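*Asks:*
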Amino acid sequence: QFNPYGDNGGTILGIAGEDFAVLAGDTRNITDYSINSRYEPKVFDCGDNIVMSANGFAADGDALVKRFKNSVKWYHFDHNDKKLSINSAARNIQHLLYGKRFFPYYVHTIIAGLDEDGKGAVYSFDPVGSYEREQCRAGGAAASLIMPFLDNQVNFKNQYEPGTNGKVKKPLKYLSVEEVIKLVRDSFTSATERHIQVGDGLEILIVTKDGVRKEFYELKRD
Amino acid sequence: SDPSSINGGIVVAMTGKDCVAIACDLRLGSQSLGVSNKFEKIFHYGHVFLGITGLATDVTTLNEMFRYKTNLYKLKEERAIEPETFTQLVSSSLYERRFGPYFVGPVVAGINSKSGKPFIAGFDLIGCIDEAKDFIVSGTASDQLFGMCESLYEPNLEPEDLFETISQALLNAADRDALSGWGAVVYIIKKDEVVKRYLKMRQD
Amino acid sequence: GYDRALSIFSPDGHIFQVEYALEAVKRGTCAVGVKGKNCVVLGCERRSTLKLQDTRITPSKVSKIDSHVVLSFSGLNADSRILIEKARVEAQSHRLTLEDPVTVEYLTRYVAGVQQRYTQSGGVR
Amino acid sequence: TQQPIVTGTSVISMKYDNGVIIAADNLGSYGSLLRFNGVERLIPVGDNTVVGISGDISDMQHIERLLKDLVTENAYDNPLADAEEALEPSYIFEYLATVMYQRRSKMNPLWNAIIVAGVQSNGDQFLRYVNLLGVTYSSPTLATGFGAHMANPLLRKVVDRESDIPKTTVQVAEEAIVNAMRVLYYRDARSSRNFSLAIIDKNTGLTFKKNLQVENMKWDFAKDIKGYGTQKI
Amino acid sequence: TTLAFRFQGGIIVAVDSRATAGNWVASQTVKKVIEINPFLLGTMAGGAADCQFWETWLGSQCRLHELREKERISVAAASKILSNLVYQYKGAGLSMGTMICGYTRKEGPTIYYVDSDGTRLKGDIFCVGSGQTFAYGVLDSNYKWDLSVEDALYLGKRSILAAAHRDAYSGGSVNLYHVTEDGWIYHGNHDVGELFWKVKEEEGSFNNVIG
Amino acid sequence: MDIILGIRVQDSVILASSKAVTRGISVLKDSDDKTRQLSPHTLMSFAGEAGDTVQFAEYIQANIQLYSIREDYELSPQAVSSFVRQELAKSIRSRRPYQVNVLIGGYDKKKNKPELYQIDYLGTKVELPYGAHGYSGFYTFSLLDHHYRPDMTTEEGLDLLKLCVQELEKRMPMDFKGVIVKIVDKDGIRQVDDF
Amino acid sequence: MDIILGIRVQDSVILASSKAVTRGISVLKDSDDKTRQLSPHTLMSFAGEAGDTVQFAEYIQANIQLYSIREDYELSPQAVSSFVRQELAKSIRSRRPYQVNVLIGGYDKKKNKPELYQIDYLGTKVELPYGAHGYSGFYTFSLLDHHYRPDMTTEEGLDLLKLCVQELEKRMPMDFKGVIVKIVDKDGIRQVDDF
Amino acid sequence: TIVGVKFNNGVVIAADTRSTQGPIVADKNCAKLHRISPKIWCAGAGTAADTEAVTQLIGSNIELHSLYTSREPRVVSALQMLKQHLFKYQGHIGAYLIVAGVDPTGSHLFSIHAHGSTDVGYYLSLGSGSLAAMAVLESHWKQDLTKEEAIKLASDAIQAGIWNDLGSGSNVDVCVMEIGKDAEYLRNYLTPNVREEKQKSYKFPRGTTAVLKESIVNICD
Amino acid sequence: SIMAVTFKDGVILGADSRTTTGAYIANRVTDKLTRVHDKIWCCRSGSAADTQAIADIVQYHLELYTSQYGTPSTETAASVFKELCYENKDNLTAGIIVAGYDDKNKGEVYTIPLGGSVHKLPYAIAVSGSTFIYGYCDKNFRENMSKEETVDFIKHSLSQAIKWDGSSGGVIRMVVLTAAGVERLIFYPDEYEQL
Amino acid sequence: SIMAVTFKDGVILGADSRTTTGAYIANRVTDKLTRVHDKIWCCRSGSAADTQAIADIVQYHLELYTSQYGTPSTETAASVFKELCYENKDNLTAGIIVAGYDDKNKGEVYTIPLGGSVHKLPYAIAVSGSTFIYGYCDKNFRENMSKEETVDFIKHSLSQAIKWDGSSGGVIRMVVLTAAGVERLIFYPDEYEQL
Ligand SMILES: [Cl-]
Ligand SMILES: [Cl-]
Ligand SMILES: [Mg+2]
């Protein structure tokens with residue numbers, strides 16, 4: 001019988017700073033034990049300072065990003081070129097996903113940008129459109145490898161203040177863009193070593209009030 | 001009905017400078033229900049440490065089995081078994097049950113009493129040996145432990161430092177697994193002293 | 001289906017079919033409503049040109065919509081039955097979904113909405 | 001939902017400095033590896049695009065008609081149909097990509113893997129893949145079925161990354177493709193000796209080669225192989 | 002694990018914040034209470050998307066009622082909009098366990114349990130989710146109608162903590178709400194990590210864990 | 001939704017319905033009324049699939065209440081039962097059938113006679129002196145066959161019901177948390193406050 | 001065979017076991033003792049597949065009674081529990097495994113300490129201050145987590161058990177027809193006559 | 002990805018060093034090259050426990066046979082003993098082996114499938130990377146290869162597997178068995194997949210982890 | 002695709018060289034013609050593992066037969082093949098053609114298909130998944146053909162099978178069994194394709 | 002077994018006469034050569050019902066085509082067959098060979114196999130369960146053969162298929178399509194068997 005779903009592998013990572021946000025993804029596209037491409041981007045500038053990735057089944061991912069980019073276009077036409085706030089974009093994507101509740105888009109979605117106070121925002125979705133704002137989120141194949149590391153190194157979980165008998169927690173603070181990109185690069189090199197579907201290349205999209213900048217870094221090709 | 005994830009739990013082992021560390025969670029459950037928060041998964045036969053994850057009946061049975069085998073070894077050989085040799089005995093004993101296996105993920109840690117070389121090894125349920133310089137991971141949060149270890153770990157860590165690294169590797173992995181946690185134990189193993197520390201962690 | 005716009009505007013800005021409908025009402029037997037301090041009374045005229053009538057079975061001029069709301073009318077008797085039926089159905093539909101009987105204002109607003117719909121729907125007077 | 005009956009095997013392709021190469025053998029295969037020969041699986045669309053198709057032959061012939069139908073439609077009320085408003089590889093691919101994905105979403109797929117090889121108006125090399133699931137990807141080397149497993153590894157030794165494309169000549173690229181086709185003939189039970197090769201060059205245009213044969217095969221060593229281990233005779 | 006109970010001081014609503022995909026802990030920071038309107042709360046159990054989407058939709062339907070009828074909707078009417086909606090979808094595979102909690106002058110404090118099978122139940126006490134049995138154990142044992150507001154809030158918080166501990170698919174933090182005639186009041190997010198040890202030390206309970 | 005009983009005596013019909021609502025391993029409620037008043041002299045108890053029961057009961061209630069207003073007349077128990085049967089008989093060949101079983105107890109004011117109707121989810125109607133749905137009848141039918149008389153009083157009928165409930169509380173595996181009892185006579189519908 | 005509870009207090013171990021035996025739709029018996037005395041200071045409660053439970057319990061009883069005669073010595077609760085675990089751990093890879101769960105409550109006369117062991121049908125042994133088998137733990141573990149103390153008296157332990165049984169009688173779908181309670185202390189094994 | 006290549010005066014086998022459980026890399030540097038006898042080596046693919054166990058059992062029995070006969074063991078003995086064992090278990094022992102060696106008869110190269118079928122070849126490849134490896138062998142193999150040519154061709158065929166197959170990766174292990182010489186085993190012959198320097202050091206401040214209890218473990222008598 | 006043909010001077014065995022897993026050609030230079038005795042050979046079709054295991058056992062049986070009773074008949078070799086194939090038919094998937102040369106009996110051909118039955122024929126051809134063809138151009142085959150004729154007949158027959166069947170392919174191997182001895186022939190694609 | 006062969010003067014269509022349900026021959030004198038136009042005929046293989054339903058619709062389409070646009074091409078007839086076979090491939094099991102004679106194009110042969118694809122060939126043969134053979138002795142077929150040659154070529158080809166295949170059998174029917182007109186040939190078993 002025909003199976004309408006597939007797994008194109010890959011893994012994505014969103015981190016929110018004080019006055020910035022990053023959305024990272026590996027550039028490897030796979031089916032089973034074959035490499036389809038070593039450079040196939042799945043992190044996209046959608047306009048209005050919103051970056052988006054739909055990781056999982058690439059066909060469903062491309063379809064959703066295409067539909068959302070179109071949703072941004074028609075929001076401008078229908079509401080006098082008004083800027084689509086990240087919170088509004090998130091709710092719109094919930095409806096796009098829940099629209100196919102009984103034939104889901106098999107993807108994990110993460111959008112990054114700035115909220116209306118200019119502070120870094122990351123939203124993560126399930127396949128059928130349940131969503132939540134988060135400081136930190138990894139998605140896709142190697143999510144299970146990256147996410148606990150980010151709990152430790154971003155949210156300082158299970159870290160206490162030396163000499164306080166584990167009574168005083170290590171204080172939460174915003175990380176610089178330089179410190180965040182280090183954690184992203186290490187997160188992906190670590191995932192590349194232990195996950196066969198992750199490697200080839202890492203593409204990071206950084207969102208500030210100035211706009212959307214790109215950085216590329218080579219990963220192991222085995 | 002997957003034996004390896006009924007009871008749940010995790011083991012991790014790491015090498016440092018003239019030392020090894022092995023750590024486990026304390027949870028035993030029946031799927032969703034937490035039953036015991038005092039179920040240690042790390043046993044020692046002389047100076048050789050064995051951690052076992054998987055079906056809890058097989059964890060208990062294999063502990064009793066390797067105690068039996070190492071007791072007879074010591075009586076005949078007139079010396080404690082070494083890690084390298086014990087590794088081969090675990091492998092032999094598991095592959096004997098090739099078509100009716102013990103649903104377990106054993107981990108060997110210890111220092112060779114002659115050479116002083118730190119030694120760790122992992123196995124699958126049918127006794128394939130994974131010998132590794134850096135670290136070994138086992139259990140329901142193995143994916144999580146692989147991520148933590150591969151990013152946190154660096155070579156030639158001192159005992160006091162290695163303790164922090166393995167502790168943070170286990171605690172953060174367990175907190176992202178539903179069937180792991182409910183307390184944790186870390187063994188720091190030097191050539192001629194062994195410290196055992198119970199970690200404070202979230203009880204959910 | 002029959003699509004023709006029967007209710008349309010005239011140059012002077014009147015809708016004659018709606019205004020001619022008011023003439024049908026003016027021809028109808030007189031109906032009066034008086035509300036007191038703790039009651040409402042509905043009085044209705046019955047033309048006396050009809051003798052040998054069976055008052056037992058003849059449709060009564062005041063209709064119960066629910067146990068707590070009544071509807072009287074002036075105009076085409078046949079037309080009144082269609083509004084009363086729709087109102088009675090909406091009364092039970094409100095109880096079923098809101099778990100409360102209609103307010104008088106709500107039941108009115110519904111009946112008025114039906115009457116309005118028939119002033120800008122194709123193929124209906 | 002359907003089952004493929006008569007199918008075409010691997011389509012292989014790669015980019016070189018001045019264009020793209022694409023090749024496919026001329027065989028249709030039945031159920032228990034039964035053979036049939038005399039099937040062209042390379043569809044030239046205009047003089048700047050070639051569409052290589054693998055999978056169900058019946059669905060391939062349907063797609064062949066859609067492309068012929070597309071060229072006719074583009075000409076309608078178009079004075080620049082043979083110039084600025086001529087069909088591009090990017091346009092033809094996106095059409096096919098759209099069809100493949102909406103067919104899978106209706107649970108009635110076209111049981112094919114497609115590679116669109118061409119040169120754009122600005123001279124940029126175009127090479128992209130789409131299949132029955134509507135999954136799409138681009139790479140300096142693209143292959144379907146067995147080709148993905150055996151051809152890609154050989155073609156990636158010539159062009160491993162984007163920076164290798166300018167250093168790769170049409171002579172080198174064609175040799176690599178022709179060699180890869182022989183390896184597929186050795187090792188694929190659904191392959192044939194006869195194949196077609198197409199070159200789309202920005203300078204020299206589209207060159208279409210039919211009735212090509214695998215040559216310089218190594219079989220001589222077979223005479224020295226006796227039994228399956230212990231047999232000496 | 003979600004609960005809501007009626008008492009002298011109104012309604013207490015307490016939920017956990019954990020989401021799981023199989024044995025993978027997907028989130029520890031989920032908001033399982035939908036605010037809807039200042040006198041109406043919704044709890045979420047089962048499918049995250051099903052609950053989040055349809056209870057957000059319920060908030061829209063409740064707003065339209067108030068624009069049309071120039072009155073705030075009753076808890077009965079709000080609960081029946083949601084229960085009638087899921088009943089239309091019955092057999093399609095919607096997974097929802099839900100409690101509609103609010104005060105109105107005509108009803109008083111009211112709790113309605115609504116699930117995706119189409120069950121709609123009015124009651125004083127409800128616990129919904131994988132950890133409901135653990136919550137019920139603590140709640141039923143110490144529940145009195147004439148509980149103080151401070152004691153009721155603690156019992157709700159304590160009952161979630163109990164379930165968070167024992168249930169693998171409950172945990173993260175406890176989100177506390179108090180519903181009166183004046184409206185609902187948020188009583189904060191309490192991380193189970195810090196709460197557990199505080200409760201153990203102060204209450205002298207949880208003797209089963211290393212001490 | 002498990003136990004629904006019905007006994008037709010000389011001058012009344014008695015309906016007894018279990019109070020328990022069980023979802024999974026937990027008893028959610030112990031005070032559930034598994035009945036709707038269709039008209040002042042006609043009561044319907046129900047049991048079956050969750051949601052379907054109440055949805056079906058309320059739908060029937062609305063349709064009978066609508067008839068009552070339209071005709072300013074109470075439909076006879078025979079007429080109500082026939083209407084209810086036809087609705088279930090439609091349901092069984094639907095895309096998704098109502099999985100609901102009902103007892104209809106009514107006092108016919110024209111005949112001055114109590115009437116009890118048993119209808120299953122297939123639309124299988126039968127008029128009985130005593131009835132039950134599901135596993136209830138397994139114990140109660142033998143007991144009623146022995147003790148029942150056509151000329152029994154309401155008090156006699158309530159004592160015979162206590163004997164049925166005692167037998168169920170002894171031999172049934174589930175705790176159904178007791179029964180709500182309702183009497184339907186010439187004066188209408190009242191609930192027995194203590195049982 | 002459903003509800004078996006165990007609480008280890010300061011100076012004793014209390015086992016509570018449901019009295020109901022249910023076959024099909026009928027409750028056959030309401031006075032069933034789901035326990036065997038293994039030795040004068042060691043009691044084992046059991047629940048699981050019909051037949052297997054009693055067959056396994058009596059088999060263990062016979063083996064411990066045999067050891068007691070042979071050595072003229074009472075085996076420690078730890079020793080008995082280890083023996084029982086090994087028998088179940090053999091069973092699980094048999095042609096037809098024993099589907100039996102057990103609690104072992106014993107007073108160790110050498111250590112002067114009460115001990116409670118929980119063993120499931122797989123041979124998964126654990127020592128606990130309080131334990132349960134099947135669905136009973138879903139309700140009781142939260143209650144015990146709250147109220148239990150290590151320094152509780154036997155009377156305190158019986159009151160904490162009443163609170164567990166009341167919670168089960170409220171929220172459990174089946175009527176388990178109450179519990180038989182047995183205390184294991186330094187003086188041996190006695191049954192609480194009224195509960 | 003495992004290969005065997007015959008040359009003028011011997012045979013060479015090569016393998017990758019990656020072990021995978023589902024999509025996870027279990028071991029980044031496991032040894033897939035096995036010594037049956039001093040001059041008979043085995044490359045193994047499939048179930049890792051099965052390839053080691055079957056290689057050691059036959060290796061043990063070959064050693065005892067060598068002592069009994071007072072002769073250097075032959076590859077056809079290792080081949081016959083392996084195929085008869087694997088056939089007996091009807092494929093349930095998932096060992097896919099490339100058996101190569103030099104003995105008094107000469108140099109031999111064989112493949113064994115899990116069901117007990119054997120093949121003879123001048124070049125062979127097994128495992129998930131066999132199609133990638135075979136493409137290189139079919140492209141570059143010629144009659145009368147020198148030792149240097151054979152090692153290059155073998156390691157290149159493994160590299161094809163490492164890069165293009167997700168089931169293969171890490172380093173290249175080679176074993177060269179030449180007639181009249183000691184078999185040379187080149188462990189990590191190539192290491193083209195070295196982890197780059199990490200951006201940051203995740204060494205924690207001491208006392209970072211909360212500790213409930215400490216105790217000294219007695220491991221002595 | 003395999004066949005064996007009897008002619009004037011003896012018998013010729015012919016086979017293809019292709020081994021496939023699904024559509025992947027595992028071995029393109031396979032030797033499907035196997036020696037069980039000096040002048041008794043077999044063509045193997047079906048499972049490679051099964052046919053190798055059977056051929057190895059038959060070779061053992063004929064080596065032991067030769068030691069005790071001297072050179073065995075082709076009939077005897079066919080019987081040993083049948084015995085193994087018939088008795089183990091449930092676990093085996095092996096189609097075998099046995100051809101041998103005696104100085105008494107000259108060339109003989111026996112076929113053991115999937116059943117485990119034995120058939121003596123002037124010639125035999127099996128194609129695809131061990132499918133034996135009746136006749137296969139019987140007007141092309143005559144009794145007492147010359148070697149050159151018989152080679153041309155097999156070369157043509159197998160080339161047509163390879164043309165239309167993807168499981169067959171590579172080189173055509175032949176083995177000539179006569180009084181003169183054993184001759185091995187090979188025909189490469191470039192020769193046999195242009196027919 | 003059915004085939005169509007192009008020759009000097011036009012095209013010949015050949016088929017067997019056997020129709021089978023399991024092993025029972027439902028019809029031993031079946032006419033598998035069907036007229037869709039005066040000089041456009043088809044060979045039917047697969048389901049009898051399906052091929053009849055398709056052939057009847059194609060005949061209707063060509064009759065309507067002829068009314069409006071005059072005599073249709075063989076290519077046009079093949080296209081109409083393909084359309085029905087491709088669009089209804091899920092519900093249909095029909096393998097068809099279309100042969101026709103134009104005065105412009107002379108003899109043409111098109112094959113629509115199970116896929117629903119179209120192929121133009123010099124000749125085509127389908128045997129067994131609608132299985133099309135590549136080549137089938139291509140050295141036996143030449144372009145611009147005589148009628149007598151083409152009849153002998155088909156007679157031999159089909160007789161070999163009937164020899165080896167139980168689904169084929171009975172008489173051999175042929176239809177000759179030339180400028181001269183339509184000729185029907187029949188060959189009985191006694192003639193074609195001795196080949
Ligand atoms: Cl073979
Ligand atoms: Cl027919
Ligand atoms: Mg790789």
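Protein chains in written order, with the deposited numbering: chain L, 1 to 222; chain W, 1 to 204; chain C, 1 to 125; chain M, 1 to 233; chain K, 2 to 212; chain J, 1 to 195; chain X, 1 to 195; chain V, 2 to 222; chain b, 2 to 196; chain N, 2 to 196. Ideal Cβ positions, reconstructed from N, Cα and C, are used throughout, including at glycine.
Run through the region 50-136 of chain N for me and flag every whole beta strand (DSSP E) of 3 or more residues, listed as ranges in chain order.
*Replies:* Segments of the beta strand (DSSP E) lying fully in the region 50-136 of chain N: 95-103, 107-113, 120-122, 124-128.
*Asks:* Within this structure, are the beta carbons of residue 197 of chain b and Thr179 of chain b separated by less than 8 Å?
*Replies:* Chain b is shown only over 2 to 196; residue 197 of chain b falls outside these bounds and no answer can be derived.
*Asks:* Output, in chain order, the set of chain J residues within a Cβ distance shorter than 7 Å of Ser39 of chain X.
*Replies:* The premise fails here: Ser39 of chain X is roughly 35 Å from chain J at the closest Cβ pair, so nothing lies under 7 Å.
*Asks:* Check the Cβ of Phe149 of chain L against every Cβ in chain W and list those closer than 8 Å, keeping chain order.
*Replies:* By Cβ distance, chain W contributes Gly147, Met148, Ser151, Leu152, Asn172.
*Asks:* Using a Cβ-Cβ cut-off of 8 Å (strictly less than) and excluding sequence neighbours within five positions of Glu167 of chain X, which residues of its own chain qualify?
*Replies:* So the list reads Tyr139, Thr140, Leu143, once near-sequence residues are dropped.
*Asks:* Does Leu133 of chain M come within less than 8 Å of chain L when only Cβ atoms are used?
*Replies:* Judged by the 8 Å Cβ criterion, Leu133 of chain M is in contact with chain L.
*Asks:* Could one say the Cβ of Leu128 of chain X lies closer than 8 Å to chain W's Cβ atoms, at least one of them?
*Replies:* It does; some Cβ of chain W falls within 8 Å.
*Asks:* Does ligand 3 have a heavy atom nearer than 7 Å to the CB of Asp222 of chain L?
*Replies:* Yes.
*Asks:* In the DSSP assignment, what are the bridge partners of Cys43 of chain V?
*Replies:* V:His35, V:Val100, per the DSSP bridge assignment.
*Asks:* To the nearest angstrom, how far is the alpha carbon of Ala174 of chain W from that of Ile81 of chain W?
*Replies:* Spanning the two alpha carbons is a distance of roughly 32 Å.
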